[PDB]
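A.B. asks: Submitted below is the structure of interest, expressed as structure tokens.
Methodologically, a virtual Cβ is constructed for each residue, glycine included, from the backbone with ideal geometry; neighbour enumeration extends over all protein chains shown. Only the coordinates and a few stated rules stand behind these numbers; no lab work does.
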Amino acid sequence: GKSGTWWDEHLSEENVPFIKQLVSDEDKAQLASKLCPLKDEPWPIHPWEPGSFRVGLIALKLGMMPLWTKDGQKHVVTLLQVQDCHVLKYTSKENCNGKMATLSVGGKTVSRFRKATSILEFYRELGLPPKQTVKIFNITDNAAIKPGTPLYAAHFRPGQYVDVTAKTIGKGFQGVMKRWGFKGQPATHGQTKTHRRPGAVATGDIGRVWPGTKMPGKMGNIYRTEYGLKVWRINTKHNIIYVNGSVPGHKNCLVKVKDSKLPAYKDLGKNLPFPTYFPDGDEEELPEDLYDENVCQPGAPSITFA
Amino acid sequence: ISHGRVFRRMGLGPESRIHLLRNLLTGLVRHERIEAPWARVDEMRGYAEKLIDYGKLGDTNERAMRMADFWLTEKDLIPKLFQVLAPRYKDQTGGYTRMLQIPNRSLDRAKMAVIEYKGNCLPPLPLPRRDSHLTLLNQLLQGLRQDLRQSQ
Amino acid sequence: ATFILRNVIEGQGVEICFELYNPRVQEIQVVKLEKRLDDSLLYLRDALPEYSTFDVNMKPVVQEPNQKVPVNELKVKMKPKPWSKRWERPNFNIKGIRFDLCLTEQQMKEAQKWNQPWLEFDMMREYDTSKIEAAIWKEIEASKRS
Amino acid sequence: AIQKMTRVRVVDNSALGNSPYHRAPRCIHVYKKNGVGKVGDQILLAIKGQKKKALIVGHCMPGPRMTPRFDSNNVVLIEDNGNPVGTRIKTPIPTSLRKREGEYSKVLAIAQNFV
Amino acid sequence: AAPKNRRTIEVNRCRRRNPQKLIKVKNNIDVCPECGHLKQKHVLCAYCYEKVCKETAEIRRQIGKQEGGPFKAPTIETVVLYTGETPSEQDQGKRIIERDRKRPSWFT
RNA sequence: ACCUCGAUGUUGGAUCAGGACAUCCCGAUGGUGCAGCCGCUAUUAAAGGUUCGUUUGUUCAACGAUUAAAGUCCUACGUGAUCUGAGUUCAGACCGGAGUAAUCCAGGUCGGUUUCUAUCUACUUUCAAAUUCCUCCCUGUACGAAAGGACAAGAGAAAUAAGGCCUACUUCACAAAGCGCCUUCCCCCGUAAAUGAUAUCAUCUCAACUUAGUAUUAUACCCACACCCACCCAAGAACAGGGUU
RNA sequence: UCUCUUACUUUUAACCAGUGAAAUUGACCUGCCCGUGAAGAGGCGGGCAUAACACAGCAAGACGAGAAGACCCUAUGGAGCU
RNA sequence: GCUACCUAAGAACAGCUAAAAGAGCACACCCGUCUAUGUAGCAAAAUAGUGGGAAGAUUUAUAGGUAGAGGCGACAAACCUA
Ligand SMILES: [Mg+2]
Ligand SMILES: [Mg+2]
Ligand SMILES: [Mg+2]
Ligand SMILES: [Mg+2]
Ligand SMILES: [Mg+2]
Ligand SMILES: [Mg+2]
Ligand SMILES: [Mg+2]
Ligand SMILES: [Mg+2]
Ligand SMILES: [Mg+2]
Ligand SMILES: [Mg+2]
Ligand SMILES: [Mg+2]
Ligand SMILES: [Mg+2]
Ligand SMILES: [Mg+2]
Ligand SMILES: [Mg+2]
Ligand SMILES: [Mg+2]
Ligand SMILES: [Mg+2]
Ligand SMILES: [Mg+2]
Ligand SMILES: [Mg+2]
Ligand SMILES: [Mg+2]
Ligand SMILES: [Mg+2]
Ligand SMILES: [Mg+2]
Ligand SMILES: [Mg+2]
Ligand SMILES: [Mg+2]
Ligand SMILES: [Mg+2]
Ligand SMILES: [Mg+2]
Ligand SMILES: [Mg+2]
Ligand SMILES: [Mg+2]
Ligand SMILES: [Mg+2]
Ligand SMILES: [Mg+2]
Ligand SMILES: [Mg+2]
Ligand SMILES: [Zn+2]
């Protein structure tokens, strides 16, 4: 029968680096070709509407750095770097669920040797290197964006609450006290094998247990959505987002940041680019860092109280 | 939960583990070839790399001398390590101690492996040599490379 | 980056936790630059109050930045045996406590049982910082030049 | 954190905390939803077998960043209504209690040193 | 714990004949360019391994016969030889350990 | 004494909760022997809490300090194949009594072994749309003779539970936790009132209708059928999950 | 001991190699609610429920396993004490 | 021959304080008040300390005697080969 095989099996000692360099140059050229999407064949841009939404971005959680404001308080911001972010395809309204349109957005770039055949065919037909994960954002109809455009981290501006969701750090099969937070029996008070036992689970008259009973098992290996994350600083050169609070997940992982749907922040994106921030048609160069009117800039000459 | 933590436990604690690793390192310095489980030979190679580095850093240093006297319980291996294995890798940095995997043992059927230093007066182990540069795929790759070189 | 300053004010120990990078900090001034035999003075809470008591209106002494930073080899006594932490354990590695006028020989003999001679020769746990130091030094030089 | 049954030392110049007694004054209740007391909270202190309120002016655990860390639990006595008991406070009082200015106006006025 | 009844042979068959407990068929078995005694991917051949182990054992026997007693460890490198083969010029300071058989084709 | 002496473990407490109102509260009404904050009556609503302690052996019972409360019943007087017997179901003894003695005590006390490898059903994040206290201008205003203090709105600080983090505090270190940090968004049916005949007045309607008077036919994680020897991993019991340019 | 638990090592825990139990078993193709019955139903009536098969943990039920109950009662069946 | 008692000949108890002692701490030794582990276990009665004694009412090697309507008993109806 057919045995297992990979890409560097039937290659000599002078062909593996050649193939690596060739595929590296190929993916670099493919990434550089999709740099100016506005000069090609862009879709018509529609004005901003109060009853519409937009597409989010995909970032990578670097680390967590402290941050101070002007009033003297100390906050905490999380670094979200956007390496490569593009649009895969576009699904119409009458093809998904008949409610809202969707957009396929991929994460960072990877290799073409550890992917499925259909994935490679799709990324070859589209013209972009394969990605790690694929996310879907629910948008409206007038926010239709042509697939194949670069998405930078400058799409968000300091002064907007966003929502970041990712896969949390899994704890595996753990006990119930560390999972659900149940109290435990005393220690050396004559206890005989019951320091971390839940005890009862149900009653004697029902003859069974309820499915909604908190019992030990796997916990942490799931995606959690975080709400109320205000941005305080937007970077342009390195494309770093400074979201306040914590991001559910570990370090060096792909997240999914988008606009918030809370009722307190309904129509607050009128001063924001509804389609996508294009560095070609803006006719202006944004600064390296975009600060807020409340965060203490590093170049401050020692703020003093009066 | 053991995230980002190595240090594979073997004996009855850290002291026994360090003693076993020191014995394995002494045996590897002496015989230059030892068959043992994959974790044991991996830790032995990881410690032997730093041992070779410290022996190459110098001889008159008291720190390296104390480390060699501690990690070698045979005494006679210290001059050998300082006057043979140190001048040998004077042109190399951290590229040595090649690890090769063997099948299993005829006793309890455990995964083992054999490591050794470079050079080695003993005959070399049968290295998994790759395919020759004359097969169909290799010839096609060479032709494509020559074509892209002549077209550039 | 934070640091704790120990000082006795009117017979009361006050420990402030400043920040090296905080917008509220005005100016950091060094009064007396000197080293000691320990890199962590957390054992001053169980010592005599006269050692951790310094004058608040003292005049800073000025010297040249080429004296190799003189190290003050001064030993500090300790209060009886209701201490805060077990400083006699070998894992702390403290060479600034007078164990001759505070503890007996049997206490030291029974405390030396937790000594780990194998930890000093762990090798793999050693953090060799050289290339990273050179890189950050080149970076700070390039940032200071232009 | 000053909870309950804690041997605290009075740092006031009154006739209750400065008087010697065979039992050290210990707290029995904290006027808060939880059983955790920080600097600037009202607690009940039993001095010489009595029931009098107290005010936490400095515990021993490090709270935030810009805050002092005293080695001993400093507590200034207080009555029901806002009238302090002692008249001379020799121990230093942190500047974190000056953000009130309404319920502890006399306690901050009878103090001396501030850190 | 104590069962109230008895498991059937059908339950035993469903438990022991499931594909999860059955041994999986591996597809990593190939041939070897040399000798050829049925090897496996990422695993060295047992035939050449036994050969080199026997050769190393013979070399160690010869070294122990030349050294004699324990606690030696010379401060110079070593080099093994076979039938004939005069020592080269760059092998003067190395210990010479000659054997009593022809030189194999897999040792250069 | 109706299955249960070829065996139904008996009071509490720790952990875990489910259901019900004959409801302490925040949600919404009418009256008052309701002058305003303190009270009572009758209705709908269970999404939660029901504290910190002492001693007596307690589910009983006694006393100190809070807010809206330290609520009730059933679940084998819930839960000993999870935990302890402080007594309650023995063999010893002491005090007092009945008894010739032996012996006994719903009279009291000292201590009095707590055994099971999960066979079967069933479980192993149900992904989520919280609750509330205080203060500030109104507030010292209606009100009494005086004490005193709101109805409602805006803003700022806070308590329990849930969803995450190590970079700043701690446990002490190539990691993981809290003592540190962020967020938690919608209601729930009982009245107050126009026109109208039956019943030409009047009539809020188990008539045909109009206002608070129904939130919602809500929104985000996650939705590519197959390259898999081997190595690594913030993924993990195996398996499974991700990367190897 | 707790508020509020936590950082590590061993036994032990999960898989690989073999010797390999004990108690226990009427047969099981073995889900839930309401109601009934020798009075507490996975096998009875009406409904809800349903492709099949293993691994890793807890006890709610099968009035689960060990002792023809030591507590209450019968026996013209016994024995000890006075 | 384990255990209650008796008989004849022997052995054992570092060190310090030794108040003269059926004195104290404390090795070896005699017994086992409590915690933790298992109750088809190492064991049909185990594992460390917290324990009392350890110059004498102490322990032990050898040999003999007291047996059921009885032996023995510093009296537990305790022991008389699980
Ligand atoms: Mg606990
Ligand atoms: Mg225990
Ligand atoms: Mg037990
Ligand atoms: Mg092991
Ligand atoms: Mg302490
Ligand atoms: Mg009956
Ligand atoms: Mg019965
Ligand atoms: Mg039965
Ligand atoms: Mg039974
Ligand atoms: Mg009701
Ligand atoms: Mg209590
Ligand atoms: Mg009960
Ligand atoms: Mg039960
Ligand atoms: Mg039990
Ligand atoms: Mg007792
Ligand atoms: Mg199972
Ligand atoms: Mg069953
Ligand atoms: Mg096995
Ligand atoms: Mg019938
Ligand atoms: Mg029933
Ligand atoms: Mg049945
Ligand atoms: Mg019977
Ligand atoms: Mg009769
Ligand atoms: Mg008879
Ligand atoms: Mg008869
Ligand atoms: Mg008789
Ligand atoms: Mg006797
Ligand atoms: Mg004596
Ligand atoms: Mg004694
Ligand atoms: Mg008697
Ligand atoms: Zn071969």
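A.B. asks: Select, from B:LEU144, B:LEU77, B:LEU122, the only residue that is more than 18 Å from E:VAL43 (Cβ to Cβ) and in contact (Cβ under 8 Å) with a residue 60 or more places away in the chain.
C.D. replies: That would be B:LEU122, the only listed residue that is more than 18 Å from E:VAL43 (Cβ to Cβ) and in contact (Cβ under 8 Å) with a residue 60 or more places away in the chain.
A.B. asks: Also: Does segment C:55-66 include one or more residues that are within 14 Å of chain B (Cβ to nearest Cβ) and assigned to a loop (DSSP other than H, G, I, E, B)?
C.D. replies: Scanning segment C:55-66, I find no residue that is within 14 Å of chain B (Cβ to nearest Cβ) and assigned to a loop (DSSP other than H, G, I, E, B), so the answer is no.
A.B. asks: Continuing with the same structure: Please work out which one of (1) away from chain A (no Cβ under 12 Å); (2) within 21 Å of the chain's Cα centre (by Cα) is the condition B:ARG129 fails and give its number.
C.D. replies: (1)
A.B. asks: On the given criteria, is D:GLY86 closer than 20 Å to C:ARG45 by Cβ and either surrounded by 19 or more Cβ atoms within 10 Å (Cβ to Cβ) or of a type in the set (A, V, I, L, M, F, W, C) (or both)?
C.D. replies: no
A.B. asks: Could you go through segment A:194-203 and let me know if any residue there is assigned to a strand (DSSP E or B) and more than 16 Å from ligand 1 (Cβ to nearest atom).
C.D. replies: no
A.B. asks: While we're on this one: Does E:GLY84 satisfy the condition of being within 13 Å of chain B (Cβ to nearest Cβ) and surrounded by fewer than 14 Cβ atoms within 10 Å (Cβ to Cβ)?
C.D. replies: When the stated conditions are applied, E:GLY84 does not pass them.
A.B. asks: Moving to a separate point now. Can you say whether B:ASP76 is over 15 Å from B:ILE52 (Cβ atoms), within 14 Å of chain A (Cβ to nearest Cβ) and acidic (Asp, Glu), as far as the supplied structure shows?
C.D. replies: It is false that B:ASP76 is over 15 Å from B:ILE52 (Cβ atoms), within 14 Å of chain A (Cβ to nearest Cβ) and acidic (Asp, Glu).
A.B. asks: Those residues that are more than 13 Å from the chain's Cα centre (by Cα) and not in a helix (DSSP H, G or I), I need them from segment A:247-265; list them, please.
C.D. replies: A:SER260, A:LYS261, A:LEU262, listed by residue number.
A.B. asks: Let me ask you something else. Please find, among D:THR95, D:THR87, D:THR67, the residue that is in contact (Cβ under 8 Å) with a residue 12 or more places away in the chain and under 11 Å from D:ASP12 (Cα atoms).
C.D. replies: After applying the criteria, what remains is D:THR87.
A.B. asks: Six or more apart or on different chains, Cβ atoms under 6 Å: show the pairs whose first residue is in segment E:40-64 and among the basic types (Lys, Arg) and whose second is in a loop (DSSP other than H, G, I, E, B).
C.D. replies: Pairs found: E:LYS41/E:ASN28.
A.B. asks: Restricting to segment C:1-51, and then to whatever is surrounded by fewer than 14 Cβ atoms within 10 Å (Cβ to Cβ) and small (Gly, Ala, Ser), can you tell me which residue is nearest to D:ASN74 (Cα to Cα)?
C.D. replies: Among them, the one singled out is C:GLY11.
A.B. asks: If you go through segment A:179-188 one residue at a time, how many are within 6 Å of RNA strand G (Cβ to nearest atom) and exposed (fewer than 10 other Cβ atoms within 10 Å of the Cβ)?
C.D. replies: 4
A.B. asks: If you scan segment C:1-54, which residues turn out to be within 10 Å of chain D (Cβ to nearest Cβ), in contact with a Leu (Cβ under 8 Å, 6 or more places away or on another chain) and in contact (Cβ under 8 Å) with a residue 12 or more places away in the chain?
C.D. replies: C:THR2, C:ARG6, C:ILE16, C:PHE18, C:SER52, listed by residue number.
A.B. asks: On to the next question. Only one of (1) touching a strand residue (DSSP E or B) at 6+ places or on another chain (Cβ under 7 Å); (2) among the charged types (D, E, K, R); (3) part of a helix (DSSP H, G or I) is not met by B:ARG30, so which one is it?
C.D. replies: (1)
A.B. asks: Also, I was wondering about something else. Suppose the filter is over 25 Å from A:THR78 (Cβ atoms), near RNA strand F (Cβ under 6 Å from one of its atoms) and without any contact (Cβ under 8 Å) to a residue 24 or more places away in the chain; does A:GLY217 pass it?
C.D. replies: no
A.B. asks: Output the residues belonging to segment A:50-104 that are hydroxyl-bearing (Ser, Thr, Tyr) and within 30 Å of A:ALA306 (Cβ to Cβ).
C.D. replies: A:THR69, the sole residue that qualifies.
Here is a yes/no grid of residues against (1) without any contact (Cβ under 8 Å) to a residue 12 or more places away in the chain; (2) within 10 Å of RNA strand F (Cβ to nearest atom); (3) among the basic types (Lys, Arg):
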position	(1), (2), (3)
A:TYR161	no, yes, no
A:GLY181	yes, yes, no
A:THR188	yes, no, no
A:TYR223	no, yes, no
A:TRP232	no, no, no
A:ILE241	no, no, no
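A.B. asks: Here's a check for you: in segment B:79-116, which residue that is part of a loop (DSSP other than H, G, I, E, B) and in contact with a helix residue (DSSP H, G or I) (Cβ under 7 Å, 6 or more places away or on another chain) is nearest to B:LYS50 (Cα to Cα)?
C.D. replies: Step by step, filter segment B:79-116, then rank; the result is B:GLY94.
A.B. asks: Take the residues in segment E:58-71 that are within 10 Å of chain B (Cβ to nearest Cβ) and at negative phi; name whichever of them is farthest from the chain's Cα centre (by Cα).
C.D. replies: E:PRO70
A.B. asks: Here is a list: E:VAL52, E:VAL79. Which entry is assigned to a strand (DSSP E or B) and facing another protein chain (nearest Cβ under 9 Å)?
C.D. replies: E:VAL79
A.B. asks: I would also like to ask the following. Can you confirm whether A:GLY199 is exposed (fewer than 11 other Cβ atoms within 10 Å of the Cβ), within 16 Å of RNA strand H (Cβ to nearest atom) and over 31 Å from the mean Cα position of the chain (by Cα)?
C.D. replies: In short, no.
A.B. asks: So which strands (runs of 3 or more DSSP E) are wholly in segment A:71-161 and hold at least 3 residues that are crowded, with 18+ Cβ neighbours inside 10 Å?
C.D. replies: Those strands (runs of 3 or more DSSP E) span A:74-81, A:101-106, A:134-139.
A.B. asks: For segment B:43-51, check the following and say yes or no: at least one residue is within 16 Å of B:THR97 (Cβ to Cβ), within 16 Å of ligand 4 (Cβ to nearest atom) and in a helix (DSSP H, G or I).
C.D. replies: Scanning segment B:43-51, I find at least one residue that is within 16 Å of B:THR97 (Cβ to Cβ), within 16 Å of ligand 4 (Cβ to nearest atom) and in a helix (DSSP H, G or I), so the answer is yes.
A.B. asks: Considering only residues that are surrounded by 13 or more Cβ atoms within 10 Å (Cβ to Cβ) and either within 9 Å of another protein chain (Cβ to nearest Cβ) or more than 14 Å from ligand 4 (Cβ to nearest atom) (or both), which ones fall in segment B:1-16?
C.D. replies: Within segment B:1-16, B:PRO14, B:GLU15 qualify.
A.B. asks: Name the pairs: first residue in segment C:107-135 and within 14 Å of chain B (Cβ to nearest Cβ), second residue small (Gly, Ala, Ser), Cβ to Cβ under 7 Å, at least 6 apart or on different chains?
C.D. replies: If the second residue must be small (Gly, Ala, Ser), the pairs left are C:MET124/B:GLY46.
A.B. asks: A further question follows. Could you pull out the residue among A:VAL209, A:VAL243 that is outside any loop (DSSP other than H, G, I, E, B) and not hydroxyl-bearing (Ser, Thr, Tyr)?
C.D. replies: Just one listed residue meets the conditions, A:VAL243.
A.B. asks: I'm trying to understand the selection: among the residues of segment B:17-41, which are acidic (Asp, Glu) and either surrounded by fewer than 16 Cβ atoms within 10 Å (Cβ to Cβ) or within 16 Å of ligand 31 (Cβ to nearest atom) (or both)?
C.D. replies: Within segment B:17-41, just B:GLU35 meets the criteria.
A.B. asks: Condition check: in contact (Cβ under 8 Å) with a residue 40 or more places away in the chain, more than 27 Å from B:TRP71 (Cβ to Cβ) and in a loop (DSSP other than H, G, I, E, B). Does C:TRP87 satisfy that?
C.D. replies: So C:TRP87 fits the description; yes.
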